[PDB]
Structures are given as C-alpha cells and as structure tokens.
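Step one of this worksheet: look at the structure below.
Cβ atoms come from the backbone with ideal geometry, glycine included; neighbour counts cover every protein chain shown. The values are calculated or read from the model by the stated rules, or taken from the named source; none is laboratory data.
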Amino acid sequence: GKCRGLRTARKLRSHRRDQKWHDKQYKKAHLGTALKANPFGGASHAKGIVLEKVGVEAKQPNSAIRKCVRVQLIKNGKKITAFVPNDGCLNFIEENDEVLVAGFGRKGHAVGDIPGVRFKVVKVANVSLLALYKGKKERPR
Amino acid sequence: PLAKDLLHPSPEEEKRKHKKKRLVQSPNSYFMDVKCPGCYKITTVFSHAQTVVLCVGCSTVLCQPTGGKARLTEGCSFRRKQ
Amino acid sequence: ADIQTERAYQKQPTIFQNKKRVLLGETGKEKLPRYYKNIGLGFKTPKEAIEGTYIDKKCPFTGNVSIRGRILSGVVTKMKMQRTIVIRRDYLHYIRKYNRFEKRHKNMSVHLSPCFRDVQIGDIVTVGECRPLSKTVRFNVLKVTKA
Amino acid sequence: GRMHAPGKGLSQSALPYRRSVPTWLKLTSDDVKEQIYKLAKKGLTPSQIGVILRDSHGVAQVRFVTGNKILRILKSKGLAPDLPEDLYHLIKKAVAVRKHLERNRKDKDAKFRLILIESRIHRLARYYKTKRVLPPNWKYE
Amino acid sequence: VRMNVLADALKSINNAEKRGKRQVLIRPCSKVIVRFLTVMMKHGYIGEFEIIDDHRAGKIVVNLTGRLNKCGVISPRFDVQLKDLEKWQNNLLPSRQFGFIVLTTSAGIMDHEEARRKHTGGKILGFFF
RNA sequence: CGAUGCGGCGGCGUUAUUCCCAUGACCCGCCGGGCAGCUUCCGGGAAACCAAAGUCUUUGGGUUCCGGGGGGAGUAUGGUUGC
RNA sequence: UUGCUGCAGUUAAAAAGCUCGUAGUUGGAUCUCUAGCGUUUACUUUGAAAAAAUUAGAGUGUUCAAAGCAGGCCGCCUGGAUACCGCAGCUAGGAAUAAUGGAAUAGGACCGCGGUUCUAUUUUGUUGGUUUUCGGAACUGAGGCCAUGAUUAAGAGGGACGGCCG
C-alpha cells in the first residue's frame with residue numbers, strides 16, 4: 001500500500017529517492033565507482049601503445065581464433081586487449097605502435113563470440129584501419 | 001434477491017435480524033412489573049437484569065442474574081408493560 | 001534598584017530627570033516622566049508600557065526601535081533568554097511532481113519587551129520587522145493572543 | 001476491532017428511537033436526582049449507579065428523564081471522584097497484575113499483559129491531559 | 001477504521017449496480033453524500049432515494065436505474081483550478097460527450113460543466129458516468 | 001449450502017434429578033463472534049488456483065515494511081551487540 | 001523496467017517470527033457588520049507587481065525558407081503587437097470542503113444603577129488660590145433579563161457489571 005495523503009510529499013520523495021539506488025543503471029551511473037574502474041574513465045575513444053598480438057578463442061558453439069592486440073593506454077597507463085575489426089587488419093599493426101581504440105558497442109560488455117574483451121581498434125599509427133583495408137591509404141614509412 | 005423493498009421489510013424478518021443490523025435500531029429487552037406472592041406492593045424490573053433485586057415490602061429475592069435474561073423466582077408472576 | 005540591574009545607569013535618553021523643583025513639589029511626591037510612542041500599523045500601546053518603570057532600549061513602544069517591513073505571527077516555544085523568546089513558524093511546502101504538501105517549521109529569535117508580563121508558552125504572538133538588534137534577532141513582539 | 005486483541009466483537013447497548021419518557025414512570029427529574037445523590041454517597045461509580053437505577057427503580061435512561069448525565073450531575077454538585085472511572089479501574093487492574101508479578105518471575109504472559117495495560121493507562125492519560133481534567137504534571141508510578 | 005465515508009457510499013452503489021440490484025443501502029448518511037447523490041440524480045443516473053433517519057446518523061436507500069457504468073471517489077481532495085480542469089476531465093471521463101466530475105466549490109457541490117459556467121475552482125470529490 | 005465451537009434468544013416431544021415447574025442430556029430453528037469445508041461463468045489471474053489472491057486502464061478508503069534480469073553475495077570492509 | 005497520474009510482493013525478485021509504542025501520515029454524524037470590525041487560516045476567482053533575449057504567437061513576398069524587424073504608396077500612410085512567467089510575498093470577492101475555538105468550580109453575554117484614585121486642559125471678559133461637572137480609564141457592593149449556557153450517543157473505541165467458556 002502507498003500513502004496518498006495531501007501531506008505525504010516528503011515520505012513519497014524520500015522513498016522514491018532512496019529506492020532509485022536498487023536500479024542497476026542509476027547506481028552504476030550516479031555513484032562514482034564505475035568511472036574509476038572503467039579503463040577509459042568516461043571517454044568514448046582512448047589512445048595506447050601495442051604490447052603484443054594475441055589469438056583469443058571463440059565461445060563453445062563455434063570455434064575460431066579471433067586476432068587481438070594487448071595495448072597499454074596513455075592517460076592511466078593500464079593494460080587492455082582490443083579486437084582488430086576486418087579481415088587481415090592484424091598484418092597492418094606491428095608491436096610498439098600508437099593505436100586509437102573505441103568501445104565495442106554494448107556499453108562496456110562482451111561480444112557474441114570473443115570472451116573478456118570490451119574494446120576494438122579504430123586507428124593504427126594515426127591512419128584509419130578502414131582506409132588500410134579498402135587501400136585508400138598506405139601505412140606511413 | 002433483486003426486488004426487495006429495503007424500505008419496508010416484513011415485521012417478522014425485522015424482529016429475527018440482529019438488533020444493531022436492523023433498518024432502525026430498537027432493543028430486544030423490555031420493562032416488566034413483578035407481583036410477589038407474599039406481598040401487595042408492585043415493583044418494575046429490567047428483562048435482562050444484572051443485580052439480584054430485592055422487594056423491601058417482604059425482603060425476598062425476585063430475579064437472578066444470568067448470562068442473558070434474569071430468571072424470576074417461583075410464585076412471582078411477570079407481566080409486560082406497554 | 002528595582003529598575004537598576006547593571007554596572008551603568010539606566011534611563012530613557014529623551015527624558016531629562018534633573019529639573020530645579022521647589023519644596024512644595026519636591027516633598028509632595030516623586031515620579032519621572034515616562035516616554036512612549038505609538039507604532040503606526042493599528043497597534044494600541046499596552047497600559048503597562050505607559051505606566052511601567054522598566055528601561056529597555058529595544059522596546060518598540062518605549063525604546064529607539066522603529067517598526068517597518070513585514071508583520072508576521074508565531075507560537076512561543078522557549079522563553080529562556082533575557083527579554084527575547086524563540087518562536088516557531090509552521091507552513092506547508094507544495095511539491096508539484098507529487099501534487100502534495102510537506103509541513104516545515106522555522107525557529108526565529110524575537111525581542112520580547114518587558115511590558116508583556118505573565119505571557120505563557122503555547123499562545124500565538126504577532127511580531128513586527130525592525131533593524132537588527134543582535135546576531136539573529138531582527139523581529140520585535142507587537143501583540144500577544146492567548147491560546 | 002479491539003485495542004489490544006484480534007477479536008472483532010460486536011456486543012454493545014442499542015438505545016431505542018423514542019427519547020420520550022414512558023407514561024408509566026411515576027418518578028420526577030428531582031426525585032431521580034435525589035436517588036442518584038443518595039446512591040453516590042454510598043461510594044459507587046456512575047456505571048454501578050446507572051445499573052442499580054435501571055434494574056431496581058425502572059429508569060430506562062437517566063439523561064432522558066433528567067436532561068443531564070450521571071458524571072455531569074455529580075460534577076455539577078461536587079460528589080464526583082478525583083480520577084475518572086475508567087482510568088481508576090485500569091490503575092487498580094495494573095497494580096493487581098504488578099502485585100501478582102512480584103511473586104511470579106517466570107509468568108511471561110503476566111509481563112506481556114501488564115505492558116498492554118500500561119499502554120492503555122498512558123493513551124487514556126494523554127487524552128484526559130488534552131481535555132484538562134487532570135493536571136499536566138500527572139505521571140504514573 | 002472508517003475514513004472518507006463517501007468512498008464506502010460510492011463503492012457500495014458501484015458494486016450494487018454491477019450485481020444488478022434495483023435498490024442499494026448506504027450507511028452512514030452525510031450532507032456531502034446527499035449533495036453528490038442529488039447531482040447524480042439531476043443528470044438522471046439513480047433517480048429517487050430515501051433518507052432513513054435514526055437519531056445517531058442517517059442511512060440512504062437508493063433506487064437504481066440500469067444507466068450508471070462507474071461512480072468513483074478521488075482521495076485525497078485535490079485542489080482543482082479552471083486551467084487544470086481540462087487535464088482532469090481528459091484523464092477520468094471516458095468521453096467528451098458524457099460523464100461528470102463533482103467539485104466542492106465556494107458556490108457548492110456541483111459538476112465540472114456548471115463549474116466552467118459559473119467560473120470557480122474547488123476540491124475534487126469524485127466522478128460518475 | 002450443510003456442519004462444527006462458545007454465548008444468547010424462541011419452541012412440539014423424549015428422557016434424569018420421584019412428581020409440578022426449574023436445571024441438565026437430546027431434537028428444530030434464529031442471532032453475533034471464531035476453526036474450517038463443499039458448490040458457483042460475482043469477478044479476478046500467466047495459469048495452478050482464490051469468496052479473496054474479487055470490487056485494476058470503468059486505474060485514488062487509511063497506513064507500515066519491502067522487490068527491480070541471473071551470478072559475484074548476505075561475500076568484502078566499517079560500525080555496533082555478545083564470554 | 002522507479003509507477004504522483006501509474007507498477008509489484010501465495011508459487012516468477014519480494015510481507016519484518018511476533019506484539020506494544022513516541023515522531024510521522026490519516027481520522028465518524030451533526031451548527032441556515034457597526035472611522036473600527038467579523039474567530040483565524042488553507043482552498044478558489046479577480047487585481048498590481050514582476051529585464052530583455054528565449055519559447056508560443058500578430059503583422060511583413062529575406063526572390064522562398066532558417067532568419068531579420070523591417071517596410072508599404074504617388075514628400076506621404078505605417079509597424080516595432082499580444083500571451084505565458086512555478087512557489088512565496090502584497091490586493092478584493094466566494095464561504096461548499098478541511099483544521100481551530102467562542103459560556104461548565106460561571107471572574108458568561110446584554111442593560112441601566114453605588115463609590116476609590118487620576119486626568120481633559122472648554123469655563124466664571126483676561127489674570128493668581130480652593131471646589132466642581134462634562135470629556136476618558138482599572139478596581140469593585142448589588143440588581144433585571146437571557147426560551148440563561150452541555151447536539152447526538154457511531155453495526156468507532158475505552159471502562160463497568162452478569163452468567164459462562166477454553
């Protein structure tokens with residue numbers, strides 16, 4: 001039962017205000033705990049240096065070696081694993097290059113197949129991977 | 001069902017139905033006069049009474065306190081008033 | 001003295017109390033001329049003010065306090081200071097989201113002139129705005145109405 | 001329902017419509033007043049006085065015949081008790097239970113029922129203090 | 001215990017009408033209920049009713065015509081202005097063709113159309129259609 | 001709708017206290033408050049079912065505690081109670 | 001899927017093991033004006049106050065439009081409107097609804113009546129001394145009148161008593 005009385009504005013507001021914390025989205029958002037834990041720290045894209053290339057196996061129902069890159073970020077200097085998008089894009093990357101990585105799409109969660117990766121590489125050595133894939137540019141030498 | 005005159009219920013149904021749940025409230029109790037066998041003086045008593053009452057005329061018990069209506073002593077004749 | 005509690009001498013600044021009187025008036029009686037003014041907004045000055053012997057520079061009738069601005073009311077909650085009382089003001093704040101109210105109170109310190117004698121807790125008092133008198137006192141008691 | 005019980009008992013007095021004095025009543029308003037006074041001197045309660053007057057003397061309702069209630073008649077003269085009937089009775093029941101409890105340390109039921117009586121004293125005292133029939137310094141011991 | 005006697009009265013009438021009873025008994029009876037029933041009768045939803053008067057607090061017996069769809073109370077008594085009345089008659093009433101909100105105003109207890117006509121706000125009691 | 005437990009109310013007839021009443025034990029109804037049960041297209045519900053879990057988009061009787069996908073977890077830390 | 005409008009809590013996540021209890025919220029009928037008032041609010045309707053820009057919106061062929069505040073007629077006739085502006089504070093009507101109280105050991109209302117103290121600053125053509133009334137207060141010793149003053153007793157609740165019951 002909800003109190004409906006004309007002088008229950010404080011009771012309703014107090015209840016609604018404190019009961020919003022049991023909402024997953026509101027608590028993750030408003031409490032400054034997601035931000036510090038987030039490797040980017042509330043930034044759409046982030047830049048890093050490549051450690052090494054790595055082959056991550058897919059989930060149980062369908063088997064394949066997903067090509068990925070271990071990258072250390074520039075701002076906070078912590079290690080993450082980024083998934084290179086299109087076919088043969090791993091060839092264009094080399095170890096110890098400067099790489100711009102973006103969120104995958106699902107708001108900092110995993111993908112259908114590739115487990116334990118949040119991020120995907122968008123630029124390599126200040127050149128877009130789409131341009132290197134479509135051959136509109138060439139890796140600067 | 002569906003047609004009863006809530007306004008004018010039949011008097012036998014009125015009396016059967018609980019004293020508090022009647023259309024207009026009236027008590028089931030009444031005031032009655034007692035004629036003691038060994039006395040001439042008349043006394044008035046409540047139908048459901050709670051105290052053993054005494055007739056100071058001959059100094060004799062009249063009615064006994066009970067769970068409901070007060071039981072009158074043998075010989076003493078009770079008659080309804082109005 | 002009766003009126004004389006402090007280290008310094010107490011006296012109404014407008015009143016002069018050292019006139020040359022001849023013996024026929026001196027030995028006859030002794031009485032200082034009591035100064036009082038009428039505050040404007042239809043408030044009768046209480047008899048105890050025009051008759052009394054109390055000395056108070058913060059009394060609106062018999063002091064240097066001009067009443068101007070807002071006239072409010074309040075209920076007396078604490079009479080535990082020297083010539084000043086804590087009064088409470090209750091009101092309903094309207095929340096438009098829910099379209100309901102919430103009750104709120106404000107406790108303000110008001111100056112109570114020593115004319116208003118035998119005034120008890122719980123009764124309602126009409127107070128007038130004046131210049132600041134202490135850190136927290138900005139209001140002065142104008143009239144009392146008994147509960 | 002009840003104050004301190006789960007029962008929803010519907011058992012009270014059902015006073016008739018006719019406020020009119022019965023034709024057969026011989027006693028006059030003053031005669032009833034004299035009777036009430038004579039009864040009150042013997043050290044009785046308005047409850048007991050009303051019961052005795054209803055049973056014995058055949059006065060259906062004192063307030064109908066006189067135009068004033070028992071406590072009101074005794075108050076108007078000054079033969080009213082210091083404590084009201086109901087509070088007096090709750091206090092004598094409370095001290096009776098306390099007198100029982102002083103010997104029996106194991107009787108948890110008595111303790112629980114005492115707490116329930118104390119609550120009724122305090123809730124009734126607050127009302128009588130609100131109507132200013134008791135002094136505002138009145139406490140229970 | 002019983003609070004907002006109007007709520008019980010309107011709920012009783014509503015249940016009686018849904019069940020298809022030709023009369024309904026309401027207890028206790030107050031001015032607010034009598035005026036509310038008067039407004040409902042004036043627009044031809046209930047028809048004649050009798051106030052059975054005992055000394056304590058009256059009872060009503062209401063003749064029911066098979067016209068009333070719904071008769072609801074609004075608790076608490078919200079403060080309704082002329083500008084906000086469109087919103088209320090948009091929310092509660094089923095159509096703009098028929099149905100009425102009963103406001104208690106300084107003029108008296110009356111329907112929303114008369115409230116617009118006489119140009120005065122008040123407190124919302126209930127609705128019927 | 002028929003039972004049942006406590007109290008009250010009215011009424012043929014069986015029985016015990018020898019008999020008359022008057023109390024018990026039965027019997028047939030009624031009234032109020034409880035433990036429940038059977039039936040029903042009142043009406044709800046995802047249904048199982050529920051005379052309440054009904055009177056809910058025809059949505060407002062009053063009020064308290066309380067849930068917000070599944071794990072992590074009634075875990076970690078802090079406070080407080082206890083030998 | 002944060003539910004005031006508008007959600008859930010038998011089994012899907014969910015009613016505290018149970019009762020008492022202060023704060024909090026909610027609370028049964030009933031009562032048709034003499035320059036000061038009337039018992040005070042909340043509520044509702046009106047009035048003045050409230051920066052432009054913005055937003056809504058009147059007028060105007062920026063070549064159309066977003067815009068702009070311009071422009072139009074053969075020296076002239078124009079425009080640069082209007083509305084909204086929570087709450088609270090001011091102002092005047094309404095009195096249904098919801099709080100509050102007006103007289104209960106009658107120092108209660110309304111009427112004329114006895115005295116104590118003080119004072120108004122007219123008055124005996126003006127001027128100095130006594131005594132006054134009128135104008136205006138608190139205190140009282142009585143009196144007449146009020147149709148003199150308490151609504152009902154909740155299928156609300158406390159308490160009393162009666163015979164049981166477990």
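Which is basic (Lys, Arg), within 14 Å of RNA strand F (Cβ to nearest atom), within 14 Å of chain B (Cβ to nearest Cβ) and surrounded by fewer than 17 Cβ atoms within 10 Å (Cβ to Cβ), of E:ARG56, E:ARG19? Break it down into steps so the answer makes sense when it comes.
On the way: E:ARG56 fails: within 14 Å of RNA strand F (Cβ to nearest atom).
After ruling out the rest, the residue left standing is E:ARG19.
State the number of residues belonging to the range B:63-77 that are in contact with a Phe, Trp or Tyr (Cβ under 9 Å, 6 or more places away or on another chain) and near RNA strand F (Cβ under 10 Å from one of its atoms).
Pass one, the range B:63-77, residues in contact with a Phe, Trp or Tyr (Cβ under 9 Å, 6 or more places away or on another chain): B:63, B:70, B:72.
After this cut, where a residue has to be near RNA strand F (Cβ under 10 Å from one of its atoms) as well, the list is B:70, B:72.
Count: 2.
Could you grab me the full set of residues in the range D:43-100 that are touching a residue at least 24 places away in the same chain (Cβ under 8 Å), within 12 Å of another protein chain (Cβ to nearest Cβ) and assigned to a loop (DSSP other than H, G, I, E, B)?
Of everything in the range D:43-100, those that are touching a residue at least 24 places away in the same chain (Cβ under 8 Å), within 12 Å of another protein chain (Cβ to nearest Cβ) and assigned to a loop (DSSP other than H, G, I, E, B) turn out to be D:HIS57, D:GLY58, D:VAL59, D:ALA60, D:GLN61.
Would you list the strands (runs of 3 or more DSSP E) that sit entirely within the range E:63-129 and hold 2 or more residues that are closer than 30 Å to E:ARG22 by Cβ, near RNA strand G (Cβ under 6 Å from one of its atoms) and not aliphatic (A, V, I, L, M)?
On the way: elements: E:71-73, E:100-104, E:109-111, E:122-128.
It comes to none.
Quick one: would you say A:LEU132 is in a helix (DSSP H, G or I) and buried (at least 17 other Cβ atoms within 10 Å of the Cβ)? Give the steps one after another, and end with the answer.
Working: in a helix (DSSP H, G or I): yes; buried (at least 17 other Cβ atoms within 10 Å of the Cβ): yes.
Considered against the rule, which asks whether it is in a helix (DSSP H, G or I) and buried (at least 17 other Cβ atoms within 10 Å of the Cβ), A:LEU132 comes out as yes.
Looking at (1) out of contact with any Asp or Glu (no Cβ under 7 Å at 6 or more places or on another chain); (2) more than 14 Å from RNA strand F (Cβ to nearest atom); (3) assigned to a strand (DSSP E or B), find the lone condition where E:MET40 falls short.
With (1) out of contact with any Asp or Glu (no Cβ under 7 Å at 6 or more places or on another chain); (2) more than 14 Å from RNA strand F (Cβ to nearest atom); (3) assigned to a strand (DSSP E or B) applied to E:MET40, the lone miss is (3).
Is it fair to say B:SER77 is loosely packed, with under 13 Cβ neighbours inside 10 Å, touching a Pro at 6+ places or on another chain (Cβ under 9 Å) and among the polar types (S, T, N, Q)? Even if it seems obvious, please write down each step before you answer.
On the way: loosely packed, with under 13 Cβ neighbours inside 10 Å: yes; touching a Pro at 6+ places or on another chain (Cβ under 9 Å): yes; among the polar types (S, T, N, Q): yes.
Here the answer is yes, as B:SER77 does meet what is asked.
Could you tell me whether B:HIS18 is within 29 Å of E:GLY58 (Cβ to Cβ) and away from RNA strand F (no atom under 16 Å from the Cβ)?
Values: within 29 Å of E:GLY58 (Cβ to Cβ): yes; away from RNA strand F (no atom under 16 Å from the Cβ): no.
It is false that B:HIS18 is within 29 Å of E:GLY58 (Cβ to Cβ) and away from RNA strand F (no atom under 16 Å from the Cβ).
Failed condition for B:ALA49, given (1) under 23 Å from D:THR23 (Cβ atoms); (2) loosely packed, with under 13 Cβ neighbours inside 10 Å; (3) within 14 Å of RNA strand G (Cβ to nearest atom); (4) not charged (D, E, K, R), with all others met?
(2)
Looking at the range E:65-77 only, could you name the residues that are within 12 Å of RNA strand F (Cβ to nearest atom) and either over 15 Å from the mean Cα position of the chain (by Cα) or on the phi > 0 side of the Ramachandran plot (or both)? Before you say what the answer is, go through the steps one by one.
Just the residues of the range E:65-77 that are within 12 Å of RNA strand F (Cβ to nearest atom), to begin with: E:68-77.
Scanning the range E:65-77 gives no hits.
Between D:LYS75, D:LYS69, D:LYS41, which is touching a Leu at 6+ places or on another chain (Cβ under 8 Å) and either over 19 Å from B:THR44 (Cβ atoms) or within 16 Å of RNA strand F (Cβ to nearest atom) (or both)? Steps first, please.
Values: D:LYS75 fails: touching a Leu at 6+ places or on another chain (Cβ under 8 Å); D:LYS69 fails: touching a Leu at 6+ places or on another chain (Cβ under 8 Å).
After ruling out the rest, the residue left standing is D:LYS41.
Any idea how many residues of the range D:68-117 are farther than 13 Å from D:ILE36 by Cβ, among the basic types (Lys, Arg), touching a helix residue (DSSP H, G or I) at 6+ places or on another chain (Cβ under 9 Å) and surrounded by fewer than 16 Cβ atoms within 10 Å (Cβ to Cβ)?
Filtering the range D:68-117 for residues farther than 13 Å from D:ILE36 by Cβ gives D:78, D:81-117.
From what's left, among the basic types (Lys, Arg): D:92-93, D:98-99, D:103, D:105-106, D:108, D:111, D:113.
Subset that is touching a helix residue (DSSP H, G or I) at 6+ places or on another chain (Cβ under 9 Å): D:93, D:98, D:111, D:113.
Keeping just the survivors that are surrounded by fewer than 16 Cβ atoms within 10 Å (Cβ to Cβ) gives D:93, D:98, D:111.
Residues that pass the stated criteria total 3.
Taking B:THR60 as the residue in question, decide whether it is within 13 Å of RNA strand F (Cβ to nearest atom), more than 30 Å from E:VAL24 (Cα to Cα), more than 13 Å from chain D (Cβ to nearest Cβ) and touching a strand residue (DSSP E or B) at 6+ places or on another chain (Cβ under 9 Å).
Working: within 13 Å of RNA strand F (Cβ to nearest atom): no; more than 30 Å from E:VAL24 (Cα to Cα): yes; more than 13 Å from chain D (Cβ to nearest Cβ): yes; touching a strand residue (DSSP E or B) at 6+ places or on another chain (Cβ under 9 Å): yes.
The answer is no for B:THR60.
Which ones in the range B:1-46 are within 14 Å of RNA strand G (Cβ to nearest atom) and of a type in the set (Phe, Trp, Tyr)?
Matches in the range B:1-46: B:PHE46 only.
Go through the range B:7-44 residue by residue and tally those that are over 30 Å from E:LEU25 (Cα atoms) and not in a loop (DSSP other than H, G, I, E, B).
Of the range B:7-44, the ones over 30 Å from E:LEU25 (Cα atoms) are B:31-44.
Retained after the next criterion (residues that are not in a loop (DSSP other than H, G, I, E, B)): B:31-35, B:43-44.
Final tally of qualifying residues: 7.
Looking only at the range D:104-130, filter to residues that are more than 17 Å from the chain's Cα centre (by Cα), more than 9 Å from RNA strand G (Cβ to nearest atom) and under 17 Å from D:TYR88 (Cα atoms); which one of those is nearest to the other protein chains (Cβ to nearest Cβ)?
D:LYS129
Restricting to helices (runs of 4 or more DSSP H) lying wholly in the range A:1-80: which have 3 or more residues that are within 14 Å of another protein chain (Cβ to nearest Cβ) and among the basic types (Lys, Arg)?
Working: elements: A:9-19, A:24-30, A:34-37.
It comes to A:9-19.
Select from the range A:68-99 the residues that are closer than 25 Å to A:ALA29 by Cα and in contact (Cβ under 8 Å) with a residue 12 or more places away in the chain and list them in ascending order.
So the first thing to find is which residues in the range A:68-99 are closer than 25 Å to A:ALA29 by Cα, and the list is A:73-82.
Once the filter is applied, which keeps residues that are closer than 25 Å to A:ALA29 by Cα and in contact (Cβ under 8 Å) with a residue 12 or more places away in the chain, the range A:68-99 yields A:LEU73, A:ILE74, A:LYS75, A:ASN76, A:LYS78, A:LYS79, A:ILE80, A:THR81, A:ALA82.
Would you please list the contacts, defined by Cβ atoms under 9 Å and residues six or more apart or on different chains, that run from a residue in the range E:1-26 that is outside the structural domain of E:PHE127 (by CATH) and within 15 Å of RNA strand G (Cβ to nearest atom) to a residue that is assigned to a helix (DSSP H, G or I) and among the acidic types (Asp, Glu)?
Final answer for the pair search is E:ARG2/E:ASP8; E:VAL24/E:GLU17; E:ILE26/E:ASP8.
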